[PDB]
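**Student:** Attaching a single structure in structure tokens format; questions to follow.
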Amino acid sequence: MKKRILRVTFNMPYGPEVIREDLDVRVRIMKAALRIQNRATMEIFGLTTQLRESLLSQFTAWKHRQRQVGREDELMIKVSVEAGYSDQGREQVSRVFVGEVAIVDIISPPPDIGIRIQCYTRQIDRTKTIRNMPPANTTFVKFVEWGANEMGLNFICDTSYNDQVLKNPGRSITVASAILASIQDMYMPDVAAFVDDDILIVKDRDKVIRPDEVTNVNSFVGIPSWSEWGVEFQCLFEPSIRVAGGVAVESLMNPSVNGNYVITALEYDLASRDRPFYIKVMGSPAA
Amino acid sequence: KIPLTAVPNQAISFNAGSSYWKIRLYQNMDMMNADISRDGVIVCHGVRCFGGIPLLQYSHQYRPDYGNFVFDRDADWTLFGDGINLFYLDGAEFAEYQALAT
Amino acid sequence: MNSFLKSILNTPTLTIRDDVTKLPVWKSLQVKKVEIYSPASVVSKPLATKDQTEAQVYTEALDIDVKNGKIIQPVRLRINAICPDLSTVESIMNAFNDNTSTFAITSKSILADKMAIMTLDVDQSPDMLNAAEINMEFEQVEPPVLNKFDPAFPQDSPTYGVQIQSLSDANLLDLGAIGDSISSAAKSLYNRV
Amino acid sequence: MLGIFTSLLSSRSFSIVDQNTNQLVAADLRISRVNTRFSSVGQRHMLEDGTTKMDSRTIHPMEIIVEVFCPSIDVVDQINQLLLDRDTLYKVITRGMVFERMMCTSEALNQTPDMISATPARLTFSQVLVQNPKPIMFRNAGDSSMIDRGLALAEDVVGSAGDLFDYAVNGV
Amino acid sequence: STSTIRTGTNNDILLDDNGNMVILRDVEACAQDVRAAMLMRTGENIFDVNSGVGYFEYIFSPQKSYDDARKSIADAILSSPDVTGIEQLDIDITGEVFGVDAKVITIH
Amino acid sequence: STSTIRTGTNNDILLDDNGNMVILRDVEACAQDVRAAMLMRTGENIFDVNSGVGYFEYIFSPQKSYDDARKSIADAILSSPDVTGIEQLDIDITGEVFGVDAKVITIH
């Protein structure tokens with residue numbers, strides 16, 4: 001009888017602080033192929049006075065250390081989420097989200113004090129500015145490369161628009177976050193630009209990033225159905241599912257929807273002491 | 001090929017070869033028959049079905065650059081999905097097909 | 001009323017077997033009742049059909065669609081027993097506190113496999129001055145299977161290798177070296193064999 | 001229950017018959033009670049003067065509860081198979097009442113000191129509700145309507161062009 | 001609400017002296033139509049199989065319950081365009097003669 | 001709807017006077033299939049563990065209850081393509097023989 005695994009890590013100044021699965025933790029994650037950054041809402045129950053003092057005081061949202069030696073971690077702390085199963089002590093954990101805390105709350109009163117937390121991916125860029133002059137007259141791919149270097153992310157770009165000359169592409173960008181909006185703006189809607197985990201991905205709409213890593217899916221909790229753009233279904237926690245990856249679908253109740261699809265949006269509903277432990281997938285026909 | 005099923009009268013629609021087709025298959029006394037559509041505009045009515053000969057006979061129908069359909073053996077709606085198939089060939093393949101035919 | 005003359009094919013003895021060990025457990029119990037529940041869900045909507053075609057074609061329909069609408073829910077099993085000693089009690093409690101415990105229960109002629117304890121009661125009163133009454137309950141973790149898949153004897157396997165998840169880290173333990181580079185340490189570890 | 005007066009002596013009480021092959025399943029069942037329940041709900045609207053109007057009534061599937069005794073093992077696993085079946089529709093004939101389109105929805109065996117030889121069981125059936133209860137059938141396969149299958153994929157995955165035709169017309 | 005052409009003891013068109021087929025109004029048409037329905041027998045209605053009275057499966061053949069014949073006859077009396085419900089059904093079964101009696105309620 | 005190649009009382013390929021390998025149709029194919037399935041013995045099939053009848057662990061070994069034999073045999077009779085349900089299993093046990101009788105239910 002396999003057990004579920006859910007760890008949440010915080011990179012506090014003294015070191016990591018990992019909330020294990022033994023407590024009551026609920027997490028909802030939404031990811032899509034857009035410029036709007038990913039989000040994660042976290043429910044944490046049973047925190048003692050010691051851990052409340054240690055953690056809740058560091059999501060200040062004011063600024064200390066006006067001299068500002070360095071950047072990044074001297075503004076807001078980072079959170080990483082990994083979920084998976086465990087059988088006979090043999091694990092299959094996988095990472096699903098990286099971000100920084102933005103909003104704090106208190107949800108449930110005593111006797112069980114619970115808090116709610118909002119995290120966003122690459123929110124550190126909303127404060128960091130641009131100190132490297134954007135290219136003046138260049139092609140698309142070099143603009144993408146400059147943006148990737150400026151943000152500090154490994155990038156992959158594969159578009160049919162890779163040999164098109166742009167004039168003054170980024171001469172009106174004030175911070176590091178509008179780079180992505182610039183990249184997406186030029187060639188909507190065929191070109192989709194998004195940031196996933198730590199990788200900036202720019203691609204055509206209907207191209208699978210990794211053609212040889214197609215995950216075959218044949219066991220659906222949520223019956224597949226046509227949904228105006230392709231297919232949409234639901235399953236248990238499958239670590240293989242990613243964004244922009246491909247899926248091969250074979251059904252029983254709905255055998256007319258079999259085919260290859262490219263993943264557009266995802267949703268995670270993972271709990272350690274509640275029923276939901278799911279993944280919702282929407283896809284588009286492969287080109 | 002084309003997805004089919006064992007029903008005495010049906011119709012399947014698909015987008016193949018940069019073209020929109022709607023085909024109808026139905027039993028008429030002894031042999032089968034077919035209705036082929038494109039653009040939503042009818043092409044032919046009651047095309048008798050034989051094994052190995054193409055469904056579209058007339059030059060202005062099958063291609064300036066379109067394709068054509070061939071049944072490997074004589075159709076029988078009891079056997080669809082098992083031994084009897086319907087295949088689609090794009091323009092170049094159909095051209096070399098007709099070259100090989102004679 | 002002689003008992004111990006149990007007829008074959010229906011011997012009313014409750015045998016509980018650990019799923020990984022496959023050895024009988026809690027044979028100190030004296031059970032008094034067993035209940036088995038096997039529910040299912042059936043659609044409750046008017047449903048629609050074509051209903052002007054050939055007879056056997058319509059008989060091919062009204063299947064499948066009826067099949068989509070009957071889905072089986074887990075089996076529920078209940079027993080009632082008296083526990084004479086102590087060791088059985090703490091064994092049951094320890095199995096209860098574990099998240100990863102499964103058992104196969106055998107009634108007179110009904111086999112339920114891959115079960116799990118969900119509810120447990122204990123009662124003590126002057127009606128029994130040296131025993132305790134128990135009320136255990138199980139449900140089926142997963143449904144059974146007949147055939148298929150590829151359980152091969154040897155190393156052969158369906159070779160799941162789903163490991164798209166990682167963040168590479170370089171270690172430091174190896175064997176020795178304080179002021180020596182990684183290449184030197186690796187070469188020395190190699191030459192050790 | 002009056003009605004039929006047959007004078008046949010050994011008639012038959014409650015029996016489940018398979019509606020596909022006209023076959024009886026679990027014919028050796030000792031039946032004790034049969035309960036049939038009908039249910040409906042009428043939607044009402046609360047008017048202005050002070051009255052209350054009703055506009056329509058909705059009918060739900062009926063339910064049948066049967067209490068039986070199993071005198072062997074074959075009856076027990078026959079009942080288990082009856083419950084697990086997912087495709088067949090069953091017709092139930094009680095004393096004088098005949099029902100159609102039923103599937104088993106429950107089964108509750110029992111094991112007690114009150115009975116050791118047999119096994120008291122309690123089943124439950126529910127009706128499949130369908131519009132147009134009486135179908136219309138044609139005896140000619142060609143003489144039938146047209147089903148509609150919409151917008152599938154050509155699915156490709158085919159060997160070649162010349163070789164398949166040279167197999168199809170040359171014969172090999 | 002119902003109308004049909006007169007037939008004799010045989011199921012044949014009967015014409016009056018002047019020779020005009022008479023389109024029966026209600027009531028009489030209901031009785032004639034029910035009588036015709038009860039005699040139709042299963043299986044021989046093209047364009048609608050599974051309609052009729054199953055004589056060779058439920059009555060003439062050796063049976064167990066005789067309930068299926070009763071249900072089939074009750075259905076056959078129904079499905080007429082104007083009939084509403086059944087007041088009585090008997091199924092006598094004396095000797096070899098299989099008696100059937102009924103009294104039908106109509107909207108009029 | 002299954003099919004198989006006919007075999008003799010010893011599991012060979014049986015050849016007609018014409019010498020033709022024969023593809024048996026349903027029912028008799030089901031009988032041959034179930035007869036061969038009940039004779040498998042467990043631990044003998046490669047690629048599929050836990051398939052067969054535990055003769056050497058449930059019947060031939062000294063056993064207390066003899067319901068395991070019924071379960072294993074009923075399962076091996078199952079897993080065939082067409083078997084629907086099992087009607088009877090008696091297990092006589094007279095003298096040194098282990099009498100087994102079973103009647104199967106088939107879609108056809």
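Identifiers in the structure tokens: chain A, B, ... in order shown; residue index from 1 per chain; ligand index from 1 in order shown.
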Can you tell me, as a count of residues only, which residues in range 5-93 of chain D count as alpha helix (DSSP H) by DSSP?
**Tutor:** 11
**Student:** May I have the residues within 6 Å of range 14-25 of chain E as a list in words, using only C-alpha atoms and disregarding those fewer than 5 positions away in the same chain?
**Tutor:** residues 3, 4, 5, 6, 7 and 8 of chain E
**Student:** Find the spatial neighbours of residue 61 in chain B, counting only C-alpha atoms, within a cut-off of 12 Å - ignore same-chain residues fewer than 4 positions away - and output them as a ChimeraX atom specification.
**Tutor:** /B:36-38,42-44,54-57,65-69
**Student:** Keeping only C-alpha atoms, write the selected residues to a file as a PDB file, in the first residue's frame.
**Tutor:**
```
ATOM      1  CA  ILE B  36     -17.977  11.769 -51.365  1.00  0.00           C
ATOM      2  CA  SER B  37     -18.101  15.442 -50.404  1.00  0.00           C
ATOM      3  CA  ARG B  38     -15.640  18.327 -50.295  1.00  0.00           C
ATOM      4  CA  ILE B  42     -21.105  17.238 -53.216  1.00  0.00           C
ATOM      5  CA  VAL B  43     -18.637  15.538 -55.554  1.00  0.00           C
ATOM      6  CA  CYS B  44     -20.135  12.199 -56.565  1.00  0.00           C
ATOM      7  CA  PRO B  54     -10.029   4.107 -57.104  1.00  0.00           C
ATOM      8  CA  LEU B  55     -13.261   5.759 -56.024  1.00  0.00           C
ATOM      9  CA  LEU B  56     -12.843   8.925 -58.124  1.00  0.00           C
ATOM     10  CA  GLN B  57     -12.954   8.297 -61.884  1.00  0.00           C
ATOM     11  CA  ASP B  65      -3.213  18.279 -56.770  1.00  0.00           C
ATOM     12  CA  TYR B  66      -5.628  16.426 -54.424  1.00  0.00           C
ATOM     13  CA  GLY B  67      -5.699  12.735 -53.490  1.00  0.00           C
ATOM     14  CA  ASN B  68      -7.882   9.674 -53.985  1.00  0.00           C
ATOM     15  CA  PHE B  69      -9.257   6.673 -52.083  1.00  0.00           C
TER      16      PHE B  69
END
```
**Student:** Calculated over only C-alpha atoms, which of the candidates D:128, D:164, D:34, D:93 has the smallest distance to residue 15 in chain D?
**Tutor:** D:93
**Student:** Taking only C-alpha atoms into account, which of C:79, C:175, C:136, C:71 comes nearest residue 187 in chain C?
**Tutor:**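 Of C:79, C:175, C:136, C:71, the one nearest residue 187 in chain C is C:175, counting only C-alpha atoms.
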